[PDB]
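Using PDB author numbering, the letters of the sequence shown correspond one by one to residues 4 to 125, 127 to 261. Everything on this sheet refers to the single structure shown next.
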Amino acid sequence: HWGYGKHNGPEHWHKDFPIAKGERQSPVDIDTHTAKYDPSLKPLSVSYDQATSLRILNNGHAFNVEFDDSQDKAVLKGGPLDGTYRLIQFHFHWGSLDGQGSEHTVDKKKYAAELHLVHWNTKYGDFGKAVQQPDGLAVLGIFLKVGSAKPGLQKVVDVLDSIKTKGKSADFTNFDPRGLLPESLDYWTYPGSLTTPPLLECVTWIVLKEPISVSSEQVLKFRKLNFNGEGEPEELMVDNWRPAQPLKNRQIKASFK
Ligand SMILES: NS(=O)(=O)c1ccc(O)c(NC(=O)NCCCCO)c1
Ligand SMILES: [Zn+2]
């Protein structure tokens, strides 16, 4: 099965998922001088006031905080998107060291981690249909740098002891994802893919310019999770990021100068 090790990591994925070598793969390096400011880009509309978090799950590759997506409760609109996209889950990718962990890079700079708020286009009816469409998902990507703590992340950090190993889940209600957002919603955007298998080319990526700061203790607690299931040999869940992929025939657009 695929993963992030020496024998099943990102350089192996194409053998089971040939789209790994496709034309719109993610993540990418964001060359800030080559991105083009698009003044027609609209401000992002993040409407998370009615969000209903349900549960947090260790799936063996990351942890997902899952939301009720059966109504328009937490939606992303505007920006480059047409229509309404519903929040289904968020998760992170992170490193073994503070100098690495993000999937996207900014002028080759790697951040300590990257948050992915995953949304699907309501015109396709459900997430499974949406991932089969070139405009099916919108993933809002937010970089994490190590510095001051992020208070809105702490409820996530504190529950991780309950989901240490693959397949463990915990109730996780009343979590407000607005506590994970930076001040500015300035963003870069480009067409891309899921960054884990099945690597489907269904994502409008929206990557925020401004990182959030989290404390060293917060990211340390991410690194105590396990890729393995309970009663299996312990592999720390670290470096669960795919490196930057070729940009090919794509232009990254910026909502700001
Ligand atoms: N990193 S991402 O581009 O924001 C991303 C957003 C939504 C996704 O569905 C995936 N891929 C995925 O879930 N693959 C199957 C493993 C889960 C079952 O345990 C990746
Ligand atoms: Zn992700």
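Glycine residues also receive a C-beta, built at the ideal position from the N, C-alpha and C atoms.
Between the alpha carbons of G233 and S188, how many angstroms are there, rounded? Taking the sequence shown and counting its residues from 1, one reaches residue 233 at position 229. Taking the sequence shown and counting its residues from 1, one reaches residue 188 at position 184. A direct Cα-to-Cα measurement between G233 and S188 gives close to 39 Å.
Residue burial classification, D32 (beta-carbon count within 10 angstroms, cutoff 16): Along the sequence shown, one-based indexing puts residue 32 at 29. A residue is called buried once 16 or more other Cβ atoms fall within 10 Å of its Cβ, and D32 is buried on that count.
Alpha carbon to alpha carbon, how far is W123 from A77? On the sequence shown, position 120 is the one that residue 123 refers to. On the sequence shown, position 74 is the one that residue 77 refers to. Rounded to whole angstroms, the separation of the alpha carbons of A77 and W123 is 11 Å.
With three or more C-beta pairs closer than 8 Å as the rule, is the stretch 62-71 touching the stretch 37-52? Look at the beta carbons and you see the stretch 37-52 not touching the stretch 62-71: under three pairs across the two are nearer than 8 Å.
Counting only the same chain and skipping the five closest in sequence on each side, list residues whose C-beta sits under 6 Å from that of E106. Looking up residue 106 in the sequence shown gives position 103. Within the same chain, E106 has close Cβ partners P30, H96, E117, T199, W245, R246.
Excluding the 5 residues flanking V218 on each side, which residues of the same chain have their C-beta closer than 7 Å to its C-beta? The count along the sequence shown starts at 1 and reaches residue 218 at position 214. Hits under 7 Å: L148, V150, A153, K154, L157.
Leaving out the 5 sequence neighbours to the left and right, which residues in its chain are closer than 8 Å to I256 when beta-carbon positions are compared? As a working note, residue 256 is residue 252 in the sequence shown. Result list for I256: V31, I33, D34, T37, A38, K39, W192, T193, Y194, in chain order.
With 16 other CB atoms within 10 Å as the buried threshold, where does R182 fall? Here the question's residue 182 lines up with position 178 in the sequence shown. Result: exposed.
DSSP-derived helix/strand/coil call for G140: One-based indexing of the sequence shown puts residue 140 at position 136. Here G140 carries a coil assignment [DSSP, helix/strand/coil].
Residues in the same chain with beta-carbon distance under 6 Å from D190, minus the five sequence neighbours each way, listed in chain order, please. As a first step, residue 190 is located in the sequence shown; it is residue number 186 there, counting from the start. These residues qualify, in order along the chain: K213, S259, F260.
Could you check where the beta strand (DSSP E) with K80 kicks off and where it finishes? Translated into positions along the sequence shown, residue 80 becomes position 77. For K80, the enclosing beta strand (DSSP E) begins and ends at 78-81.
Alpha-carbon spacing of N11 relative to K170, whole angstroms: For the purposes of this step, residue 11 is identified with residue 8 of the sequence shown, where counting begins at 1. For the purposes of this step, residue 170 is identified with residue 166 of the sequence shown, where counting begins at 1. Each residue's Cα considered, the two are about 17 Å apart.
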